[PDB]
There are 6 protein chains.
Amino acid sequence: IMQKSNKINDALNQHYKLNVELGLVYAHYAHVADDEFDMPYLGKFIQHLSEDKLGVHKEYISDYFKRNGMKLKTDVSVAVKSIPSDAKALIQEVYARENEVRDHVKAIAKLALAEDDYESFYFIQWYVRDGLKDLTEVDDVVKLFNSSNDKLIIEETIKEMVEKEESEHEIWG
Amino acid sequence: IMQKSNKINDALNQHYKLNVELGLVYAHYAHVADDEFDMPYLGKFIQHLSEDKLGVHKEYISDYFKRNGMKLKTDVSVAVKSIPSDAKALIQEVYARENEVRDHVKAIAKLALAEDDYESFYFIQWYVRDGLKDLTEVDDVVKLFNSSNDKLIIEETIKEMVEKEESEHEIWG
Amino acid sequence: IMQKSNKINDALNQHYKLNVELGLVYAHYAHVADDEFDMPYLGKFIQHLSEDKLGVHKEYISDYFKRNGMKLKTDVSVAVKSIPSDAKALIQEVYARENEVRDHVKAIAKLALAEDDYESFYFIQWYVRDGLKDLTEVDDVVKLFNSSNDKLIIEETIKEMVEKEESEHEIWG
Amino acid sequence: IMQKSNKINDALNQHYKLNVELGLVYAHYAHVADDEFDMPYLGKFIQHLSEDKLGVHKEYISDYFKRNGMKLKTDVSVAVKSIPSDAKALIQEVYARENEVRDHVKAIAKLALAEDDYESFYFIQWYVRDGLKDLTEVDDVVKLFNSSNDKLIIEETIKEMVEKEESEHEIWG
Amino acid sequence: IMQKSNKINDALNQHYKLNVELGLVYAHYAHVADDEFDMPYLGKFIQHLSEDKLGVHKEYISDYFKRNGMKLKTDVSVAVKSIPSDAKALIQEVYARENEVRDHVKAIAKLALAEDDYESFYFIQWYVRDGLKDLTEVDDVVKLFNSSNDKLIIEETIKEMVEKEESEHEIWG
Amino acid sequence: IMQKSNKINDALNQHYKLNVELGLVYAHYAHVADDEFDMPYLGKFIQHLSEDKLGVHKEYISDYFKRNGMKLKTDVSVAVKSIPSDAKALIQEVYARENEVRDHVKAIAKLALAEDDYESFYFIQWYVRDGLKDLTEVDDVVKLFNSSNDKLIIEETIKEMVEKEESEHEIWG
Ligand SMILES: [Cl-]
Ligand SMILES: [Cl-]
Ligand SMILES: [Cl-]
Ligand SMILES: [Cl-]
Ligand SMILES: [Cl-]
Ligand SMILES: [Cl-]
Ligand SMILES: [Fe+3]
Ligand SMILES: [Fe+3]
Ligand SMILES: [Fe+3]
Ligand SMILES: [Fe+3]
Ligand SMILES: [Fe+3]
Ligand SMILES: [Fe+3]
Ligand SMILES: [Fe+3]
Ligand SMILES: [Fe+3]
Ligand SMILES: [Fe+3]
Ligand SMILES: [Fe+3]
Ligand SMILES: [Fe+3]
Ligand SMILES: [Fe+3]
Ligand SMILES: [Fe+3]
Ligand SMILES: [Fe+3]
Ligand SMILES: [Fe+3]
Ligand SMILES: [Fe+3]
Ligand SMILES: [Fe+3]
Ligand SMILES: [Fe+3]
Ligand SMILES: [Fe+3]
Ligand SMILES: [Fe+3]
Ligand SMILES: [Fe+3]
Ligand SMILES: [Fe+3]
Ligand SMILES: [Fe+3]
Ligand SMILES: [Fe+3]
Ligand SMILES: [Fe+3]
Ligand SMILES: [Fe+3]
Ligand SMILES: [Fe+3]
Ligand SMILES: [Fe+3]
Ligand SMILES: [Fe+3]
Ligand SMILES: [Fe+3]
Ligand SMILES: [Fe+3]
Ligand SMILES: [Fe+3]
Ligand SMILES: [Fe+3]
Ligand SMILES: [Fe+3]
Ligand SMILES: [Fe+3]
Ligand SMILES: [Fe+3]
Ligand SMILES: [Fe+3]
Ligand SMILES: [Fe+3]
Ligand SMILES: [Fe+3]
Ligand SMILES: [Fe+3]
Ligand SMILES: [Fe+3]
Ligand SMILES: [Fe+3]
Ligand SMILES: [Fe+3]
Ligand SMILES: [Fe+3]
Ligand SMILES: [Fe+3]
Ligand SMILES: [Fe+3]
Ligand SMILES: [Fe+3]
Ligand SMILES: [Fe+3]
Ligand SMILES: [Fe+3]
Ligand SMILES: [Fe+3]
Ligand SMILES: [Fe+3]
Ligand SMILES: [Fe+3]
Ligand SMILES: [Fe+3]
Ligand SMILES: [Fe+3]
Ligand SMILES: [Fe+3]
Ligand SMILES: [Fe+3]
Ligand SMILES: [Fe+3]
Ligand SMILES: [Fe+3]
Ligand SMILES: [Fe+3]
Ligand SMILES: [Fe+3]
Ligand SMILES: [Fe+3]
Ligand SMILES: [Fe+3]
Ligand SMILES: [Fe+3]
Ligand SMILES: [Fe+3]
Ligand SMILES: [Fe+3]
Ligand SMILES: [Fe+3]
Ligand SMILES: [Fe+3]
Ligand SMILES: [Fe+3]
Ligand SMILES: [Fe+3]
Ligand SMILES: [Mg+2]
Ligand SMILES: [Mg+2]
Ligand SMILES: [Mg+2]
Ligand SMILES: [Mg+2]
Ligand SMILES: [Mg+2]
Ligand SMILES: [Mg+2]
Ligand SMILES: [Mg+2]
Ligand SMILES: [Mg+2]
Ligand SMILES: [Mg+2]
Ligand SMILES: [Mg+2]
Ligand SMILES: [Mg+2]
Ligand SMILES: [Mg+2]
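For this deposited structure, the header cites X-ray crystallography as the method used and 2.099 Å as the resolution.

Shown next, in the form of structure tokens:
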């Protein structure tokens, strides 16, 4: 009874890998944001995101696996070989990656229902919610580049964003 | 004047890579320590170490690069394909890896002097000190497996270790 | 035994002189930043730097000399005969001078090792670290002029910089 | 209307120069007081005076210039080529220099009235008062050398002087 | 890999021995300072120094050895067979011994670099700094005997020295 | 009148020597307890004892000598050439040495009465009491090795012992 789904096990190992590799890319993008583009607050924003991916996003999968018999796999391959040309494009790339996260998560949820794995459907709810939350935070920064042509003005707004004491939306938080 | 050393740049990119990959391996080893070996406090110890490697150890390199013109490279390849057979061997493997850290760091320091890069010699001092500190903490756990054959007794001692409020040795801390 | 190095004595007298003269130039540049360029916060930044050079940078040399038998020399000659054309160039000049500081300090460290003067190598470590720290702070201001064409926006960012309660980086601080 | 006095501008540039050079000499004399004469508290007294000259004494001139259109000049030439033979003579030399300060200040005040520059006459009042205050503090130390032949007794009295929480005389303070 | 240097092991065993024997001599000198020379505060100064040598100076070596595989040796031979004739000479002897400490430490640092032992070079930095700090504190007392011929006046100054709440110099502290 | 006993003077010089040499041996044994036997809490126990011997045990003799005219002698010879084979034997050796302390102290007390030296009989009372107290504390550790074969269990008990806030027995404390 209660035999773990091998299909969910694979999908969640692939999502663990995605969050590790994303976090490593974001750490690089945070360096570049500060170093090459002269936007240290944009750097801090991306760095916070790197740490989210390499922290809780991966941790919760490992924890879940310990509880249900699923096997963890660690297989990572990532290389930053090209960087976006400017800051606007850097954050737009981050946006595209977060949009893909939402698509991957949707798939896992759909799979959990197909496999009648209600514990996994429950688990993924955090990721479903976070898919949108994280995208929204990134979108809030993307908007800035369309609203001013002054990098320092944009930076002042990012500063408040990163320095605000984090509030949780009742639903998406 | 003050042109960055390409040799130091490469050695520090390789050490960034080493700390990323080590941290990912340790995250896996922390999972296994808890999940397979029934030693959650040993897991927490290795997890703290994973976070050290993927946190400050890498961050300080990126920060340094921003200050001196050195280029960051992100190129990561890691796969955990075999795990040690028991807990004793798991921590002994961690020990071996920390010993290798000390050897890599020694090389960077020697190189900094050869290149007359005193800013880099200063920078690496943190890593020289930490090489030993981290090894010592790991050694403290290795010792336990040679001092008791009861996994729960060992776990009780690791618990105090991980839960003690961190003290800094005047020299190695 | 323990006879002071005459070569280190000379190099450190020359560095005392450099820090005095730099501080006097920076005091003038701080006046001009406010008075001629309408950037009082940029003025305060350069003034803080003037006081750093004429304070601790020189004080620590005098203190060291008292401890080891080295002789202090006071020989100062400085005249500000031309000023940079605008604020961007003013801070870029400050940058160039800080870069030269790093080069002079490198030389002292190299000399200390050649003379087997380990007390002097220890002493200069503060200056090695500070060379980079001070350059970084100046670079943070230079960046601003490349990130906005509005002097008041730049000034608002410098204001936060000068008014932030000073934090020390674990390594460079 | 309200065109700045070129004569006052020159006199105040010369007084800026005097305060810079005095402060650099006093910094040397403070070193010697401690290092050569074995009187660290006498050193601290002279050092406090060095910092007064290189601090507020010069700062107030720069500030004034910013307000009225006067031009700041930085032209400094100072070399300590001979030092007084003992501590008594060191402080007596400091006294002579402070007496000369009072004479220079008198001249500026007289000039301000001749030029009908009431803003400058107001400004110099601080310096008129301080001329005497600073001389008095130096005289208080000179007296000590005429009142004891024991350097440590003198040092104990200087210690209280430098360590007393500064009080301001209603008139001269 | 990371095999301990036998040469550094010997040099540090010899420095452990030096600090033990120095501390025992200083304990005797502290007794004599009080008992024979009627200078209890001078006694307390030397006693504090005895405890420094027999405390942290030796402890840090033992700690280091535990971390790196080096072997501790305990081999002590000390006899106080002659004492200096008066207090001035007692502290001058302490001074000579501290000067020799600095010379021994210099040698260890030089050796660490020759052996490419960067962990040992890091370790010895504490001792390099302390060599000078301790000498300075002793010099501060030596000076007193050249500044007064009254033993009680000297004692009053030593009292403040030993009773001041210890401050750390940014570099030498 | 009140001429010091030369016999008591010698016995107390020999006891000063014994406490110095014991303390140096115990410092070595504390190192070995931690380093070789993997028992850091046992190390801390022996280290506390080293510091007791080299602290108050010797200090009180020096103090007494200052008060009564007795002469202090410093003559120390100690070499740790063999170490006990295991931890049990290490603490048993410490026990044997403490038992010998009690025997030496008994002799001094007996001598004080024979010499009608009541001040010395009073003085030695501290040492008579401490002979037993210190032996008892050591016995409490010896017992542990006879009560468990698990080094970590023993270590947990030693930890409480060394970390308990010290209580004084009404008689032996
Ligand atoms: Cl199923
Ligand atoms: Cl080079
Ligand atoms: Cl030399
Ligand atoms: Cl006019
Ligand atoms: Cl070697
Ligand atoms: Cl008798
Ligand atoms: Fe995925
Ligand atoms: Fe930054
Ligand atoms: Fe967040
Ligand atoms: Fe979790
Ligand atoms: Fe598992
Ligand atoms: Fe590739
Ligand atoms: Fe790429
Ligand atoms: Fe850009
Ligand atoms: Fe674009
Ligand atoms: Fe499906
Ligand atoms: Fe998230
Ligand atoms: Fe604004
Ligand atoms: Fe490496
Ligand atoms: Fe658990
Ligand atoms: Fe840690
Ligand atoms: Fe950092
Ligand atoms: Fe970069
Ligand atoms: Fe593979
Ligand atoms: Fe593997
Ligand atoms: Fe196991
Ligand atoms: Fe095994
Ligand atoms: Fe090399
Ligand atoms: Fe670490
Ligand atoms: Fe220089
Ligand atoms: Fe202003
Ligand atoms: Fe600063
Ligand atoms: Fe200083
Ligand atoms: Fe000097
Ligand atoms: Fe000129
Ligand atoms: Fe010029
Ligand atoms: Fe401008
Ligand atoms: Fe321009
Ligand atoms: Fe050189
Ligand atoms: Fe600085
Ligand atoms: Fe003047
Ligand atoms: Fe001093
Ligand atoms: Fe004042
Ligand atoms: Fe002002
Ligand atoms: Fe002006
Ligand atoms: Fe000249
Ligand atoms: Fe002169
Ligand atoms: Fe004198
Ligand atoms: Fe004279
Ligand atoms: Fe006039
Ligand atoms: Fe003044
Ligand atoms: Fe007095
Ligand atoms: Fe030595
Ligand atoms: Fe006394
Ligand atoms: Fe001290
Ligand atoms: Fe220690
Ligand atoms: Fe050892
Ligand atoms: Fe002998
Ligand atoms: Fe002797
Ligand atoms: Fe005397
Ligand atoms: Fe004499
Ligand atoms: Fe050598
Ligand atoms: Fe010391
Ligand atoms: Fe005895
Ligand atoms: Fe330990
Ligand atoms: Fe005790
Ligand atoms: Fe006492
Ligand atoms: Fe005596
Ligand atoms: Fe022997
Ligand atoms: Fe032996
Ligand atoms: Fe054992
Ligand atoms: Fe046995
Ligand atoms: Fe008897
Ligand atoms: Fe005791
Ligand atoms: Fe227990
Ligand atoms: Mg499968
Ligand atoms: Mg269905
Ligand atoms: Mg290359
Ligand atoms: Mg070379
Ligand atoms: Mg010369
Ligand atoms: Mg050499
Ligand atoms: Mg003119
Ligand atoms: Mg008139
Ligand atoms: Mg050998
Ligand atoms: Mg070499
Ligand atoms: Mg006799
Ligand atoms: Mg009788």
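### Section: the overall build of chain A
When its secondary structure is counted, chain A shows five helices and one strand. The globule rule puts the C-alpha radius of gyration for 173 residues at 16 Å, and the 17 Å found for chain A is close to it. Along the first, second and third principal axes, the C-alpha atoms of chain A reach 60 × 40 × 25 Å. Per-residue burial over chain A gives 49% buried out of 173 residues. Nonlocal contacts in chain A, meaning residues at least 24 apart in sequence, comprise 83% of its contacts between residues at least 6 apart. Within the structure as shown, chain A displays about 9,000 Å² of accessible surface, and the carbon and sulfur contribution to it stands at 49%. When the 22 basic and 34 acidic side-chain charges of chain A are each reduced to a single mean position, those positions are 6 Å apart.

### Digging into the arrangement of the chains
Without any contact between them, chain A and chain E keep their closest C-alpha atoms 28 Å apart. For the non-touching pair chain D and chain F, the nearest C-alpha separation works out to 28 Å.

### Some points on the coordination of the iron ion (ligand 11)
In this structure, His31 of chain B (NE2) and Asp35 of chain B (OD) serve as the protein donors to the iron ion (ligand 11), at separations of 1.8 to 2.6 Å. Of this pair, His31 of chain B and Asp35 of chain B both sit in helix α1 (residues 6-35), four residues apart, which is roughly one turn of the helix.

### Section: the coordination of the iron ion (ligand 75)
Every protein donor of the iron ion (ligand 75) is listed here as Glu156 of chain B (OE), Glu156 of chain B (OE), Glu156 of chain F (OE) and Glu156 of chain F (OE), and their distances to the metal cover 2.5 to 2.6 Å. Around the iron ion (ligand 75), the four donor atoms are arranged such that angles at the metal cover 51 to 97 degrees; this shape is classified as irregular. On the criterion of chain membership, the pair formed by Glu156 of chain B in helix α5 (residues 151-163) and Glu156 of chain F in helix α5 (residues 151-163) is interchain, its members lying in two chains. Classification of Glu156 of chain B by relative accessible area gives partly exposed; the value is 32%.

### A look at the interface of chain A and chain B
Contact residues are listed per partner, giving 23 residues for chain A and 23 residues for chain B. Carbon and sulfur atoms supply 54% of the area that chain A and chain B bury against each other, a total of about 2,000 Å² over both sides. Sorting the residues of chain A by area buried against chain B places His31, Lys66 and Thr74 of chain A first, and these three jointly supply 30% of that buried surface. On inspection of chain A and its partner chain B, the count reaches two salt bridges. Between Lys66 of chain A and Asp34 of chain B there is a salt bridge; the shortest N-O distance is 2.9 Å. At the junction of chain A with chain B, the criterion picks out twelve residue pairs in polar contact. Those elements giving two or more residues to the side of chain A that touches chain B turn out to be α1 (6-35), α2 (40-68) and β1 (75-79) of chain A. Tallying contributions element by element places α1 of chain A first for the side of chain A that touches chain B, with eight residues. Within the side of chain A that touches chain B, the residues separate by chemical class into ten nonpolar, six polar and seven charged.

### Points about the relation of the copies chain E and chain F
Between chain E and chain F, the superposition needs a rotation of 180 degrees and an axial shift of 0.0 Å, giving an RMSD of 0.0 Å. Seen this way, the second copy is the image of the first under a two-fold rotation axis. When C-alpha positions in chain E are compared against the rotation axis, the closest is assigned to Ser77 of chain E, at 2.3 Å. Mapped onto chain F, 100% of the interface residues of chain E again fall at the interface, so both copies present the same surface.

Cut-offs used in this document
Residues numbered from 1 in each chain as written, not as in the entry; some residues may be left out. Chains lettered and ligands numbered in written order. Part of a larger assembly, values for the part shown. Heavy atoms only, no water. Helix = DSSP H or I, 4+ residues; strand = E, 2+ residues; numbered from the N terminus. Rg over C-alpha atoms; globule rule 2.2 N^0.38 Å. Buried < 20%, exposed > 50% of the residue type's maximum accessible area, 1.4 Å probe, protein only. Contact = heavy atoms within 4.5 Å. Areas by Shrake-Rupley, 256 points an atom, 1.4 Å probe, with all protein chains shown as cover. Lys, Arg positive; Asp, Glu negative; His and termini not counted. Charge placed at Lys NZ, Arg CZ, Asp CG, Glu CD. Donors = N, O, S within 2.8 Å, 3.2 Å for Na, K, Ca; no water. Tetrahedral: all angles 85-135°; square planar, octahedral: opposite > 155°, others 65-115°. Buried area = accessible area lost by both parts, 1.4 Å probe. Salt bridge = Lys/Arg side-chain N within 4 Å of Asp/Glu carboxyl O. Polar contact = N/O pair within 3.5 Å; in protein donor to acceptor, adjacent residues only side chain to side chain. Nonpolar A, V, L, I, M, F, W, Y, C, P; charged D, E, K, R; others polar. Least-squares fit on C-alpha atoms.

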